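Visitor: Line order of the protein sequences matches chains F, y, m and s.
Throughout the first sequence, residue numbering follows the entry's author numbering, covering 6 to 186 in sequence.
Throughout the second sequence, residue numbering follows the entry's author numbering, covering 1 to 66 in sequence.
Throughout the third sequence, residue numbering follows the entry's author numbering, covering 2 to 117 in sequence.
Throughout the fourth sequence, residue numbering follows the entry's author numbering, covering 6 to 83 in sequence.
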Amino acid sequence: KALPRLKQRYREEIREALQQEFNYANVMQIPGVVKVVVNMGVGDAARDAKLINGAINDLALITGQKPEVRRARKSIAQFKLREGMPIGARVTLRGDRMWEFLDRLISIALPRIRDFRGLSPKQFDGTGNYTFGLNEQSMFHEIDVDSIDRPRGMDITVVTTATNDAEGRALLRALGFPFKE
Amino acid sequence: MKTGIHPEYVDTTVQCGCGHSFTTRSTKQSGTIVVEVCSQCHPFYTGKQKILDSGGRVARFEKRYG
Amino acid sequence: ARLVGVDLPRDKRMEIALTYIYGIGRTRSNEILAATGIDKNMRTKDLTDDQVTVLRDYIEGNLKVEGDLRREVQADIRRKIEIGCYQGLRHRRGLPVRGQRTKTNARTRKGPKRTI
Amino acid sequence: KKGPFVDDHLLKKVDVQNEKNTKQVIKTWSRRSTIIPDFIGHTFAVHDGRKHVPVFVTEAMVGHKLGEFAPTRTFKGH
RNA sequence: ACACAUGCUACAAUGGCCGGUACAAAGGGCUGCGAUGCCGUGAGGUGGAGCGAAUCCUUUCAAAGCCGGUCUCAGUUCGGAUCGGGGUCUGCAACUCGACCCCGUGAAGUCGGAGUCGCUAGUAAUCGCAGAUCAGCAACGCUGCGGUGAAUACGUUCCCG
């Protein structure tokens with residue numbers, strides 16, 4: 006397969022239509038996904054030592070990367086933290102991993118969540134990046150539904166080369182990602 | 001990519017109940033996904049139904065029809 | 002098995018496995034399983050995905066479930082708490098709505114006990 | 006649901022009120038019916054025995070009998 | 001916001017739910033009791049047989065019982081409070097404040113601290129039935145009727161009169 010499927014349609018159709026919509030006047034301004042990072046929770050650090058290996062395993066086999074365990078910048082006292090405790094890992098995706106993760110979640114993960122009305126268009130930063138919340142898990146058919154005692158949630162971020170925000174709305178609208186006015 | 005730490009990453013074949021079939025790389029050992037969801041989103045329909053859900057004055061006139 | 006949105010258990014009969022959804026009790030299981038044709042004695046391990054298909058299409062088509070009843074019951078209780086009814090006042094203060102005994106009992110509405 | 010109760014005194018008064026397109030505060034004895042949606046928009050001075058409470062009638066009031074948009078008991082506790 | 005008191009339903013397998021089937025006693029009835037039939041899923045609707053009643057109606061009356069199937073010890077096919085929708089009947093009128101039925105909803109509760117109460121044989125325990133008051137019902141109450149039916153009492157030292 007020369008091109009991943011989402012990228013199979015991205016390399017011609019979304020780029021040609023997005024040039025139609027916006028007259029940049031310069032090819033290679035046209036905006037595309039850079040990375041897809043996934044934001045491991047927990048916060049059970051200090052309280053419970055064992056789980057973070059639950060999250061390392063969790064990030065993995067949702068996508069096939071070893072999540073790099075990301076730890077505390079500083080010990081902030083109220084929510085028990087300690088400098089150097091593991092609090093959630095993340096995985097950065099770029100390329101074939103990015104696109105195969107995206108198409109699969111798009112045609113698999115998003116529909117399943119119960120009462121999944123849509124995703125907010127408003128949730129952009131100042132510059133075209135989209136982040137949304139997966140509260141429970143087991144949206145994915147990769148995880149066997151009896152292997153999984155407590156629900157581990159996560160943030161999923163799409164980061165694009167969108168200099169605006171309606172740039173990113175237009176991409177992620179044409180790209181098969183849901184929204185709901 | 002590092003060698004031994006990443007899980008195995010295989011082609012897959014995803015099938016829904018209507019038969020609309022998808023081929024992707026994936027992490028599943030089975031090489032397939034027998035799913036019940038296809039690119040047939042119900043938000044468009046669910047939303048319409050929800051919009052249709054409100055309005056009771058008519059229902060009251062219903063009970064009486066007069 | 003999986004259905005309309007309720008994760009079915011391992012080993013339950015169908016007229017009990019349908020009951021674990023918010024819109025279905027025992028009688029709806031006895032009428033749904035009579036209309037569709039699935040044996041009520043079937044376990045959930047022995048359930049067919051095509052039986053999930055016909056059963057699922059029937060009970061999302063001709064009956065309402067989890068989101069419709071939670072948003073509908075919620076929207077009707079907040080309907081009578083917005084317009085200013087006396088039952089609205091009962092839902093406001095946290096009191097029994099049917100006008101029943103409030104002097105000694107109706108502890109399931111006041112909840113846990115504080116004693117003065 | 007053979008025939009729901011109608012408050013014939015309030016029925017006669019209500020019809021007169023809406024034929025002339027006149028809206029007037031009404032001191033009403035009646036705690037028993039909001040029968041037709043012909044009562045929409047009319048202000049009802051509901052009588053819990055002791056004083057009259059003005060109640061605006063909108064579209065959602067249909068099916069709630071008229072008296073208990075005004076409550077009869079008072080409770081604080083402290 | 002509470003605290004007491006008498007009751008009822010429970011916390012399950014000596015049980016729950018579905019099917020088949022056997023046995024009571026007493027009572028109640030005129031602008032009352034109201035059958036077969038037909039319409040409902042069911043409260044009930046339509047209709048009036050027949051009775052001032054050892055006759056007719058309350059079905060030939062019950063339920064627990066027995067035979068069978070299913071459930072496999074679980075906050076569950078236990079438990080029904082609560083809440084939403086939808087109804088029926090009574091009444092001029094079911095909002096504050098009626099009962100009943102249908103669909104959903106499905107909480108506390110794993111036999112209960114100090115204590116304390118009842119009962120010595122058709123008794124306790126459990127199971128339905130009728131009545132008075134009453135248009136309707138807060139009836140789980142009260143007064144009665146019958147069904148199935150135990151254990152223990154060595155004995156006056158101790159508590160109570």
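Every residue, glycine too, gets a C-beta built ideally from N, C-alpha and C.
By Cβ distance, which residues of its chain are closer than 8 Å to F:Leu98, with the 5 residues on each side in sequence left out?
Guide: If we look at F:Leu98 and ignore the five residues flanking it on each side, its Cβ neighbours are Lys40, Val41, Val42, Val43, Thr68, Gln70 and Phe106.
Visitor: Straight-line CA distance for y:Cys18 to F:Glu88?
Guide: Near 53 Å, if we compare the C-alpha coordinates of F:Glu88 and y:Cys18.
Visitor: Taking only runs that begin and end inside the region 12–46 of chain y, name each unbroken beta strand (DSSP E) of 3 or more residues, in chain order.
Guide: Complete beta strand (DSSP E) runs here, min 3: 21–26 and 32–34.
Visitor: Please check if any C-beta of chain y sits within less than 8 Å of the C-beta of s:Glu73.
Guide: No, no contact with chain y.
Visitor: For s:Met66, I'd like the list of residues in its chain whose CB is within less than 6 Å of its CB, leaving aside the five on either flank, ordered along the chain.
Guide: So the qualifying residues of the chain are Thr39.
Visitor: Report, in whole angstroms, the separation of the C-beta atoms of residue 221 of chain F and F:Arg95, which I expect to be a contact under 8 Å.
Guide: Shown here, chain F extends from 6 to 186; a query on residue 221 of chain F therefore has no answer.
Visitor: Does the region 113–122 of chain F come close enough to the region 165–175 of chain F to have 3 or more Cβ pairs within less than 8 Å?
Guide: Short answer: they don't touch.
Visitor: Can you check whether the CB of s:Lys32 is closer than 8 Å to the CB of s:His14?
Guide: Cβ atoms of s:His14 and s:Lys32: not closer than 8 Å.
Visitor: Applying a beta-carbon distance threshold of less than 9 Å, which residues of chain m neighbour y:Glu36?
Guide: Near y:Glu36 (Cβ distances below 9 Å), the residues of chain m are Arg3, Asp50, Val53, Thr54 and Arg57.
Visitor: My understanding is that F:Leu64 touches F:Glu147, with C-beta atoms under 8 Å, so please give their C-beta distance in whole angstroms.
Guide: Going by Cβ atoms, the distance from F:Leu64 to F:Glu147 rounds to 12 Å, so no, they are not a contact pair.
Visitor: Mind checking which residues open and close the beta strand (DSSP E) that includes F:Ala82?
Guide: Run containing F:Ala82: none; DSSP gives neither H nor E here.
Visitor: Alpha carbon to alpha carbon, how far is m:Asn42 from s:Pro42? Give it in angstroms, no decimals.
Guide: Approximately 50 Å, taken between the alpha carbons.
Visitor: How about F:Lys40: is its C-beta nearer than 8 Å to some C-beta of chain y?
Guide: No, because no Cβ of chain y sits closer than 8 Å to the Cβ of F:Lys40.
Visitor: State the start and end residues of the unbroken alpha helix (DSSP H) segment that holds m:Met15.
Guide: Its alpha helix (DSSP H) spans residues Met15 to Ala18.
Visitor: Give a yes or no on whether the minimum CB-CB distance between F:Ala175 and chain y is below 8 Å.
Guide: By this cut-off, F:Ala175 is not an interface position.
Visitor: Quick check: is the beta carbon of F:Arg119 nearer than 8 Å to any beta carbon in chain m?
Guide: Interface residue, yes.
Visitor: Can you say whether s:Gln22 is buried or exposed, counting buried as having 16 or more other CB atoms within 10 angstroms of its CB?
Guide: Flag for s:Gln22 reads buried.
Visitor: Go ahead and label s:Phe44 buried or exposed: buried means 16 or more other beta carbons lie within 10 angstroms of its beta carbon, across all protein chains shown.
Guide: Buried, by the Cβ-count rule.
Visitor: So, helix, strand or coil for F:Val32, using DSSP?
Guide: Coil.
Visitor: Which residue marks the beginning of the alpha helix (DSSP H) containing F:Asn134, and which one marks its end?
Guide: Segment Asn134 to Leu139 is the beta strand (DSSP E) holding F:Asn134; no alpha helix (DSSP H) there.
Visitor: Let me make sure I understand the geometry here. Which of m:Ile39, m:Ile60, m:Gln75 and m:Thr49 has the alpha-carbon closest to that of y:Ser54?
Guide: Cα-wise, what sits closest to y:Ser54 is m:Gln75.
Visitor: At the level of alpha carbons, what is the spacing between residue 193 of chain F and y:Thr46?
Guide: Since the first and last residues shown for chain F are 6 and 186, residue 193 of chain F lies out of range.
Visitor: Rounded C-beta distance between F:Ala51 and F:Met90? I'm assuming under 8 Å.
Guide: Going by Cβ atoms, the distance from F:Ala51 to F:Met90 rounds to 6 Å, so yes, they are a contact pair.
Visitor: I want to verify the contact list: residues of chain s whose CB lies under 9 Å from the CB of residue 1 of chain m, in sequence order.
Guide: Because residue 1 of chain m is not part of the residues shown, which for chain m are 2 to 117, the question remains open.
Visitor: Mind checking s:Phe80: buried by the 16 CB within 10 Å criterion, or exposed?
Guide: Result: exposed.
Visitor: So s:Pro59 contacts chain y; which residues on that side make the cut at Cβ distance below 7 Å?
Guide: Chain y residues near s:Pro59: none, gap ~22 Å exceeds 7 Å.
Visitor: Enumerated in chain order, which unbroken segments of the alpha helix (DSSP H) with a length of 4 residues or greater are wholly contained in the region 40–106 of chain F?
Guide: For the region 40–106 of chain F, whole alpha helix (DSSP H) runs of length 4 or above, ordered along the chain, are 56–64.
Visitor: Just mark m:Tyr87 as buried or exposed, buried being the case when its beta carbon has 16 or more other beta carbons within 10 Å.
Guide: Looking at its Cβ environment, which holds 16 or more other Cβ atoms inside 10 Å, m:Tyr87 is buried.
Visitor: Give a yes or no on whether the minimum CB-CB distance between m:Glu67 and chain F is below 8 Å.
Guide: Yes, m:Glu67 lies at the interface with chain F (some Cβ there is under 8 Å from its Cβ).
Visitor: By DSSP's criteria, s:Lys32 is part of a beta bridge. Which residues make up the other side?
Guide: Partner(s): s:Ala50.
Visitor: Listing by chain order, which chain m residues have their CB less than 9 Å from the CB of s:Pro76?
Guide: Simply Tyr87 and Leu90.
Visitor: My assumption, with CB atoms under 8 Å, is that F:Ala22 sits in contact with F:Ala179. Please give the rounded CB distance.
Guide: Right, their Cβ atoms sit about 6 Å apart.
Visitor: State the beta-bridge partners of s:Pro59 as determined by DSSP.
Guide: According to DSSP, s:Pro59 bridges with s:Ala50.
Visitor: Leaving aside the five residues before and after m:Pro97 along the sequence, list all residues of the same chain whose C-beta is less than 7 Å from its C-beta, in chain order.
Guide: Here the set comprises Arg91, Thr103, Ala107 and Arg110.
Visitor: Do m:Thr20 and m:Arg11 count as a contact pair if the criterion is CB distance below 8 Å?
Guide: No, they are not a contact pair.
Visitor: Have a look at F:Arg119 and y:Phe44 and give me their C-alpha separation to the nearest angstrom.
Guide: Whole-angstrom Cα-Cα distance: 15 Å.
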